[PDB]
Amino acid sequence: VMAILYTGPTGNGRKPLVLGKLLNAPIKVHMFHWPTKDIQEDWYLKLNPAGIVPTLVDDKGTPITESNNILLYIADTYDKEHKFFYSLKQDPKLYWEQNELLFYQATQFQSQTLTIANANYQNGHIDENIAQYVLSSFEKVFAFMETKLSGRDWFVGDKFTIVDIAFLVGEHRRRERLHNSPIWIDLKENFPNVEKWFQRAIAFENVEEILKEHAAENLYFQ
């Protein structure tokens, strides 16, 4: 009956978690320990054959998967005032900007950087070849974000939206996990628009409090 969000304290897991809480949506949260063998169990793979978090099981029992897609689903379903997103009829221009940035955040930020790094981290090391790939990918993503954020406060329209949630959660994760790594980049110096935007996004309502609930340590690097 009631919707259930199965998730973990990760760059992808935290996105719909933040949105659901900002909306006070009737969504029960099942927070996995991290890492967990639960997502390899039969019952989970039935909900999400990709074997990744998060999964939202909706109020009819159907799984919705892919973090940035779940953002869209939760907004459409529970954000009745459109506080955190733009609908196609509401404002088509902004709707398409929102959609493209959710694809971009997923592919060019999360997938190209954090997911690749974590998949190739073992025993306190990421191989130099992968490490440089990831570093160059971060360089590209930050150049893009810096440009997009030029002359504005938020990614889309004139307010904090699901696009800001997607980007802020990835960036918060990067700072949480990679500050002590060979692939750290300090934004203060070369990407001032992104830094300014991050600080205002993390400061929005209770976003920071939500993210702190299951705070993680930096990855160890020899």
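Don't overthink the numbering: it's just position in the shown sequence, from 1.
The question of which stretch, 168-176 or 183-191, has the higher mean Cα B factor is settled in favour of 183-191.
The question of which stretch, 195-203 or 21-29, has the higher mean Cα B factor is settled in favour of 21-29. Between the residues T113, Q98, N123, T107, it is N123 that shows the highest Cα B-factor in the PDB record. Of the candidates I52, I162, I70, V156, it is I52 whose Cα B-factor is highest according to the PDB record. Ranked within its chain, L149 lands in the lowest third, by CA B factor from the PDB record.
Per-chain ranking of the deposited C-alpha B factor places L135 in the middle third. When the modelled residues of the chain are ordered by C-alpha B-factor, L88 sits in the highest third.
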